[PDB]
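Here is the structure we will look at.
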Amino acid sequence: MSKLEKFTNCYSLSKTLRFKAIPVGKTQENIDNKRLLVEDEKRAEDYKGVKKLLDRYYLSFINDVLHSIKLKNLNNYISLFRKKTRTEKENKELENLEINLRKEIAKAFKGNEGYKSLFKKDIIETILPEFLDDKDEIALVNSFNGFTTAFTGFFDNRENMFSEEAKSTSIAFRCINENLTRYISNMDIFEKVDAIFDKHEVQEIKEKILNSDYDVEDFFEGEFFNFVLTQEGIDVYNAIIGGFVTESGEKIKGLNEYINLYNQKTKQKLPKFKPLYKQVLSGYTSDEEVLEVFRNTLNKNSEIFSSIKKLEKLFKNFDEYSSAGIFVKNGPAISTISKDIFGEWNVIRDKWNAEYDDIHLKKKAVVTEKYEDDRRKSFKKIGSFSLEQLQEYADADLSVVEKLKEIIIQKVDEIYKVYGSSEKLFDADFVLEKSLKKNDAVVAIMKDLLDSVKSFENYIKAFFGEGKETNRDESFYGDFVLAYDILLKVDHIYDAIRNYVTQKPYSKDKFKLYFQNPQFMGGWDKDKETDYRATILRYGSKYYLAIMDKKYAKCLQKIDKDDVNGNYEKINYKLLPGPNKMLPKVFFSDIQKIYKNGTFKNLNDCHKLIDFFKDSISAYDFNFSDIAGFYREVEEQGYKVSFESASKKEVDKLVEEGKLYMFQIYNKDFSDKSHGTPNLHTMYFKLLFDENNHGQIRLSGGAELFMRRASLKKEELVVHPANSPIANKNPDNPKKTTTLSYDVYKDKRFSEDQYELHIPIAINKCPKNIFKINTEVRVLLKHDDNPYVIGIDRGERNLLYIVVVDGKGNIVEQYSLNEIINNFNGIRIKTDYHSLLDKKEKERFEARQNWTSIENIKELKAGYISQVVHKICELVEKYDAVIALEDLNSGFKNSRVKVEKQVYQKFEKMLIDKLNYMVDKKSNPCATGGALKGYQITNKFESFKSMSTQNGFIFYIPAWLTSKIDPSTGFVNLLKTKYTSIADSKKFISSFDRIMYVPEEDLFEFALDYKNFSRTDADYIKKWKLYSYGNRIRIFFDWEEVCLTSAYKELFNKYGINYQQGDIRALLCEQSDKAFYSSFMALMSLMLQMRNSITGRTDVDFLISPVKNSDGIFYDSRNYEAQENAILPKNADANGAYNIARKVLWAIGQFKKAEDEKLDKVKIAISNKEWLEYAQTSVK
Amino acid sequence: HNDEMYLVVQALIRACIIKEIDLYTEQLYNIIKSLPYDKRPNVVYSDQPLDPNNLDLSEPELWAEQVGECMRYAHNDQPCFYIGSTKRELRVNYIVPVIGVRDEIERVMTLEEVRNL
Amino acid sequence: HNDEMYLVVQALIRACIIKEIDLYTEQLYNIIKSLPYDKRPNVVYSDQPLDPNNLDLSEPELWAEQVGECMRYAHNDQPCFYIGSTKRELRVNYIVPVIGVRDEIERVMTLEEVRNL
RNA sequence: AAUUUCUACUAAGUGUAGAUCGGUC
Ligand SMILES: [Mg+2]
Ligand SMILES: [Mg+2]
């Protein structure tokens, strides 16, 4: 027995098989003469125009609803907003009132004025033909009659626009949370600027020219906000803020140009208005067009370079503006503003925690892990680091405003250098003589320009807080919002050009074929038989798709049974899936009152309903036996599949005449000259019609048929010639050349036409064992004495690393995953992906175009992680143990590993998706683990943020302090040995118990108490015995290898001190010079360095600890690096995966304490103190 | 008929030149297609008449990335070369070997190809 | 200076011709090098330029034995061919394939060299 | 350098080893 035997057919999972259909016989001739693929290509060509027309009718519907709507609760939202909130949950009625605004306006959408003929078929049958009065467009809409299925994704997308969801695509979030807030801000800025301008410039000129209907001031009140709910109110209102052409060449200015015109005190002293956002509904095809967008967007005269001039002018007056309120958002970029002004990544964090311990921490520091946690979330919560607050966080003579000013002017100087090198590209007469996918230096110029401007975009968008803040400086933020959206436009130009250049030379554009039927192959051979007009034939080991014709559909089902030769066995025996809503319609077209009273949600009346369902039926095949499991048995035994014969020359004559179309279902695994192991979907489609399939994998309705054209031409074919040697690429392959009797063409499958067939299937439609997975995993891990754990590590000199440990903590197996062993006919060939990836990075280093290289590296890593998914599934099937993949959520960063964060997110997603239904390909599909009885040991995928702490047979562990720790004793470096001062150097030395020299071992014994050190709460033993054993590689990258005891003898014989006495600590504290303490703290820091690596050449890499165990022997990984079965970790990465695996062993140790009904609530999240206790005690 | 021999003689000279480049391209294709993908030499690539006997290493339009995947042109039976991996689609048809990495390059590595094996 | 371009232009034309024959000799050496000693064609041997696009089938100095033992001429790296077996010593370096057994030969045998295997 | 499609290939000669769904934006 094992644990995985109790995890079959728990829930349902749907899949979509993909295949290739090729024409058989004269069917391509009948398709070419009857002209069937000319009605479907033009239909898929005219889809965009009908999308434009439905967008036009939707825009007219928005401009017909929102005009005649007045509001009531708006004044209470405006008046109570700016009250400088007085939280006793009085502003909560403002929030629930804002919900009443959303339900008010989308109640005005959903409630009346049609809305029921808006997302259905009649919108292209009745309304839009009468609406867009034009034959041309009306002829298009009438040429989409009957095919009202290609718009359902369009209709499901456009129905989410008229709702209450507070998303950026919704309209209520656009009018309320985007327009009303700047409307209130413009009312307050208007009340600050409120004075007589010149008493003609607003009330006489602008009113008479612009509108001539009412006054100006009433725009800054409450109810007239309703007037700006249309699009023309936004156009008039922004025309008064920005400017308007006056339908002449007059070109009148606005209010912000009057604020520029006022010229008061050489600062302009006043805020500027913000223009409102618009409504929701307001070249990548050639080479000369993309460069023309690069002409008209990014040149020396457009809005983008002018906005860089205005943002550059804004940071030259960055001193005159008051820094009280200029907010920097807490995020990643705040670390950068600590690094490029102050010393390191964590400087402002130390000064803010110095403010935090100034209040909440007393004398005799009791700093635990939870106080650091509340301090950490308290740092996470603020979001409002102003510049005066950072000015108080500085030392003497360090102006943050001046250093920030000179460095941002340094960055726009870098932008002027890139614009200095880019003059000759868009000057006057550039004719691009290559292709744009070939002319590498031009791409290099555009790449460098878009990367400098987009990096300046991120470093400048660090200055946007959360919003809804206190009295933030509107004299700075008035200019800084007017110029930023242009830089969002260069974000879209970057995404367009990068999505142009990295295109593959072929294409996958296709269009759905209907064959003159808007009912085409919906189900599979029901009693309809002339609307679906498609079925599946089989012959030998080839599969066929039979498609009838509208002239001879019904009269084609006259074919004889068992002939003397040539029997196309056709499918029959259709399905009624989930027949429960079909069930009482037969019975209800004593027990009648039981059903109509609804008391069934009972036992005796249920049994009378069993005999009532058996008695009142006996062309159907039923077998009957609370109500829920019995209808589970109805849906269980409502399925049957069998075949019926036919004749061959009859349907061949039907092909030759034109009364029938046949395509071949065929892929590479259905070939005759194919001898290896097939794909998995081939086993699904072959076990879809197999004899001992009781209903595990069954068909589903909705199969589609596509048709892909040819994108490569015959002019550009390339091919390895026949009967000549060509070299192999795998250097672990004992052959070096090969010679074939035939040609091998490059991209052969994209030079012709292809029929495509998408067939949906459904797996375990009728579950039998329904139970909660997580609690049953915890019960089975509780009642097992000897579990096993797989520890999976992201690695530094590896890619992944595998350490499998047992229930007690002994390493069962440890190996790397740099190279994959392929198996065929007993032959095994390795493939090394680490050297492969090193060659790809070596090609990336010299390419002058790193746009195509990064995409090849990402695709390579996707193929690699699919291979690793196979290896992990074989390890889980072997030792039968849970996984311990490090929880990729704790925020922990490293920046030295090869497998980055996004690729490892995709890896964990692929483990969840593969362990939904896990199949052993080389096994019997009737036994366990096969193709029909696959294991279901992981729940579905919800999000990347739901990856936390448990998913079936998978445990997420917050990797903390697992890399740099001794696996033998449990020692971890908790000190801080950076040389900063001489007083804390003496206190460092005063904290040491007794620094003595043993001559018999020639060692510098540092026996030492921790209790005079800070932040040592996590430790357990508190009394450690350090030494100076071995040697350490001092990294700096000069690679200076350093021995320990000769360096302390080199420092103690120097400066005139001794080392032959006992208790030399005080004599070490009798010095006065600086360099002795500096180099001594340096030797202490290199003495505590546990991971020793070159980080250049891969000669040596090891792991040594200064602490002796309870036997006297030190730990050095080089003693275990060359052994056949090491009991301890062999290098730095087996340490990490080993420790993570012992964390899972800790949680399995926590399951044995609680009770059988309390296992659901047992907390898994280990702290630091408990892991250091378990690592320092539970070894031996 | 005086300046007619200017264009006729220049047509003949450019014909003998492009046949020299075709012959050197054919022999160089065979020697490079013998090499096992890691002894290949760094290669100056182009899609124009390249001359190995009159090559001027002064234009800024030259690189030096390592060639691979020697194969045939199917319809014209010409030789094509890939200048990176296969999945970069930079197929070129006029190559010349040069000793060295990008930009600052050395010579042209004449008759030193067979010695790479 | 009038009749100097007679021998200059004829020298350039004969240079382009002998380079065409050298390129066809390199290709033909590659395909006949690929043939496994039994699909070898009947072939015309020569030690002179033999211009297959202007071959005149009237001279009585042409014979049609079956070629074998393709190998190198490694001091100048040229193709050389044996007209019979190894122990006959009639090594030639300009061959043109032909249809038919000796004393008459039909036309060209173009593009059917790869078709023989 | 061949593929329903992707990644590495050549793996015993029209293929070899794994992964693989949806219709979307
Ligand atoms: Mg296979
Ligand atoms: Mg490939």
- request: State yes or no: is B:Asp103 assigned to a loop (DSSP other than H, G, I, E, B) and either of a type in the set (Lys, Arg) or more than 8 Å from chain A (Cβ to nearest Cβ) (or both)?
  value: yes
query: Looking at the range A:673-710, which of the residues that are closer than 18 Å to A:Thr8 by Cβ and part of a strand (DSSP E or B) is nearest to ligand 1 (Cβ to nearest atom)?
result: A:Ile697
message: For the condition within 16 Å of ligand 1 (Cβ to nearest atom) and either touching a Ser or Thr at 6+ places or on another chain (Cβ under 9 Å) or aliphatic (A, V, I, L, M) (or both), what is the one hit in A:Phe670, A:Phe663?
response: A:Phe670
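When you scan the range A:523-641 for strands (runs of 3 or more DSSP E) that lie fully inside it, which ones turn up with 1 or more residues that are under 25 Å from A:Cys766 (Cβ atoms), of a type outside the set (S, T, N, Q) and touching a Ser or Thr at 6+ places or on another chain (Cβ under 7 Å)?
A:569-571
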query: Is there any pair linking a residue in the range A:274-287 that is farther than 21 Å from A:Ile189 by Cα to one that is loosely packed, with under 11 Cβ neighbours inside 10 Å, with Cβ under 7 Å and at least six apart or on different chains, and which?
result: A:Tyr284/A:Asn499; A:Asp287/A:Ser435
message: Restricting to the range A:647-698, and then to whatever is among the basic types (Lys, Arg) and within 16 Å of RNA strand D (Cβ to nearest atom), can you tell me which residue is farthest from A:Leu17 (Cα to Cα)?
response: A:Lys673
- request: Being more than 13 Å from RNA strand D (Cβ to nearest atom) and among the polar types (S, T, N, Q) is the filter; apply it to the range A:9-34 and report the residue that is farthest from A:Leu654 (Cα to Cα).
  value: A:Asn9
- request: Mind listing whichever residues of the range A:882-918 are of a type in the set (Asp, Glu), crowded, with 19+ Cβ neighbours inside 10 Å and part of a loop (DSSP other than H, G, I, E, B)?
  value: A:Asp887
- prompt: So, in the range A:843-857, of the ones that are facing another protein chain (nearest Cβ under 9 Å) and not aliphatic (A, V, I, L, M), which residue ends up nearest to RNA strand D (Cβ to nearest atom)?
  reply: A:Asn856
- request: Please work out which one of (1) within 16 Å of ligand 1 (Cβ to nearest atom); (2) buried (at least 16 other Cβ atoms within 10 Å of the Cβ) is the condition A:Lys921 fails and give its number.
  value: (2)
query: (1) under 30 Å from A:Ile445 (Cα atoms); (2) crowded, with 16+ Cβ neighbours inside 10 Å: which one isn't true of A:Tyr284, the others all being true?
result: (2)
- line: In the set A:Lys526, A:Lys558, A:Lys574, A:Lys508, the lone residue that is closer than 30 Å to A:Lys447 by Cβ, away from ligand 1 (no atom under 16 Å from the Cβ) and more than 14 Å from every other protein chain (Cβ to nearest Cβ) is A:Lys508
- prompt: Within the set of pairs 6+ apart or on separate chains, which have a first residue in the range A:669-698 that is on the phi > 0 side of the Ramachandran plot, a second that is surrounded by 13 or more Cβ atoms within 10 Å (Cβ to Cβ) and assigned to a loop (DSSP other than H, G, I, E, B), and C-beta atoms under 6 Å apart?
  reply: A:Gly695/A:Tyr639
message: Looking at A:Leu59, A:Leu13, A:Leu37, can you tell me which residue is among the hydrophobic types (A, V, I, L, M, F, W, C), in contact with a strand residue (DSSP E or B) (Cβ under 7 Å, 6 or more places away or on another chain) and farther than 30 Å from A:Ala762 by Cβ?
response: A:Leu37
task: Inspect the range A:716-728 for any residue being of a type in the set (D, E, K, R), over 33 Å from the mean Cα position of the chain (by Cα) and over 22 Å from A:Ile912 (Cα atoms) and give the result as yes or no.
output: yes
message: Can you tell me which condition A:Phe624 does not meet? The list is (1) within 16 Å of ligand 1 (Cβ to nearest atom); (2) more than 29 Å from A:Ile547 (Cβ to Cβ); (3) in contact with a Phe, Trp or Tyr (Cβ under 8 Å, 6 or more places away or on another chain), and all the others hold.
response: (1)
query: Does at least one position in the range A:965-979 carry a residue that is surrounded by 14 or more Cβ atoms within 10 Å (Cβ to Cβ), farther than 30 Å from A:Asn1119 by Cβ and touching a helix residue (DSSP H, G or I) at 6+ places or on another chain (Cβ under 8 Å)?
result: yes
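Since every read-out is calculated from the coordinates, none of them should be taken as a lab result. Cβ atoms come from the backbone with ideal geometry, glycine included; neighbour counts cover every protein chain shown.
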